[PDB]
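For reference, the structure discussed in these notes is given below.
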Amino acid sequence: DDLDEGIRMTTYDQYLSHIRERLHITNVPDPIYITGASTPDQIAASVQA
Amino acid sequence: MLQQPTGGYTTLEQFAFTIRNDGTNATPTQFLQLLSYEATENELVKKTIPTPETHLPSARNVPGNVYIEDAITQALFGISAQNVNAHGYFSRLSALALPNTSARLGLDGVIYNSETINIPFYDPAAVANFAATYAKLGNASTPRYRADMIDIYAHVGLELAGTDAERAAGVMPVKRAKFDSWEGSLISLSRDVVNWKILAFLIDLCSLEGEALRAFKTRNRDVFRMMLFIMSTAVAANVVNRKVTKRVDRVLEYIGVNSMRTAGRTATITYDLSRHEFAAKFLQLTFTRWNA
């Protein structure tokens, strides 16, 4: 895998500081937590919603 | 957000409660083992504790992030605190009572008006359960809602000094506590206790349910007993030392009896009347949760 390739992730403070309020004003459900027991289909449902 | 384990937040090593003793960080249980009790002719019987009021005092419009844990711990064990009901910021806990409130209670023991970065905070559901009860500290001064500050101490005695048979009976002889002692032992004890992050204890106390709760109540009985001990010394009529062949036994008379004293003394922390009303309230709520 290339350096751009991989599993993206970010700190919660970065999430809160930036993306979260934009999630609020765009009128969407707060994106689901992933327990690790979570289905990929559920993640698809969340990225969809 | 700090996740809450299947046990309490108290299971986390981050929230260990430990008085200093013999140069080490002793657990409360291994301090309470040092304690011994002389019985006296008087008897404590425990009356039913009145149900705490339905009312949650208004969290007045406060721009600031209140330092609540400091306010509570200093009101209960603080060496110098007074007029604890003048400011009345305890009511602020009821900001946390609402569903989906923006406010967060940080592990710092501060009630932030909104979630903010790089400040870990307790799970909001847990805090809501905790606030639904302990916001009532905010009405510890209002005349309609004041707790009894005499009878409640019976429970304290039973929960501290009481042998398991005395606890089952609901009635124990008034006792006189004593322990091998270093200079300033009760001051140092109380200050080791002011530093305790007790909102962890109160929050697990209000949030946990079922066996997971009961498993908490056994595990932290000694902690609750240490808090009760510091309050007991705060309200004890007198606190002497005894020479005992080149050793000293600190002795407080009496466990479970509030003397209503308010004049300050070197030996132990003192309650102003406001601290008495507050502590009475705190005991009302906490014992109510403890026996259900």
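General observations
- For segment B:1-53, the set of residues classified as on the phi > 0 side of the Ramachandran plot and under 19 Å from the mean Cα position of the chain (by Cα) is empty.
- Check on A:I43, β-branched (V, I, T), surrounded by 10 or more Cβ atoms within 10 Å (Cβ to Cβ) and more than 13 Å from every other protein chain (Cβ to nearest Cβ): yes
- Subset of segment A:2-49 (residues that are more than 11 Å from the chain's Cα centre (by Cα) and under 20 Å from B:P120 (Cα atoms)): A:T11, A:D13, A:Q14, A:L16, A:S17, A:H18, A:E21, A:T35
- Cβ-Cβ under 7 Å pairs, at least 6 apart or on other chains, segment A:6-22 side within 11 Å of chain B (Cβ to nearest Cβ) and within 17 Å of B:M1 (Cβ to Cβ), far side among the acidic types (D, E) and not in a helix (DSSP H, G or I): A:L16/B:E115
- Identity of the residue in segment B:109-122, within 12 Å of another protein chain (Cβ to nearest Cβ) and assigned to a loop (DSSP other than H, G, I, E, B), that ends up nearest to B:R60 (Cα to Cα): B:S114
- Selected residue (criterion: surrounded by the fewest Cβ atoms within 10 Å (Cβ to Cβ)) from residues of segment B:156-165 that are part of a helix (DSSP H, G or I) and under 22 Å from the mean Cα position of the chain (by Cα): B:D164
- Residue check, B:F15 farther than 30 Å from B:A169 by Cβ, crowded, with 16+ Cβ neighbours inside 10 Å and either among the hydrophobic types (A, V, I, L, M, F, W, C) or in contact with a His (Cβ under 9 Å, 6 or more places away or on another chain) (or both): yes
- Among the candidates B:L96, B:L44, B:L56, B:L76, the residue that is away from chain A (no Cβ under 14 Å) and closer than 30 Å to A:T10 by Cβ is uniquely B:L96.
- Screening the candidates B:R214, B:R191 for the property of being surrounded by 15 or more Cβ atoms within 10 Å (Cβ to Cβ) and basic (K, R) yields one hit, B:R191.
FYI the Cβ positions are ideal-geometry reconstructions off the backbone, even for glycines, and counts take in every protein chain you see. None of the figures in this text is laboratory data; all of them are computed from the coordinates on show.
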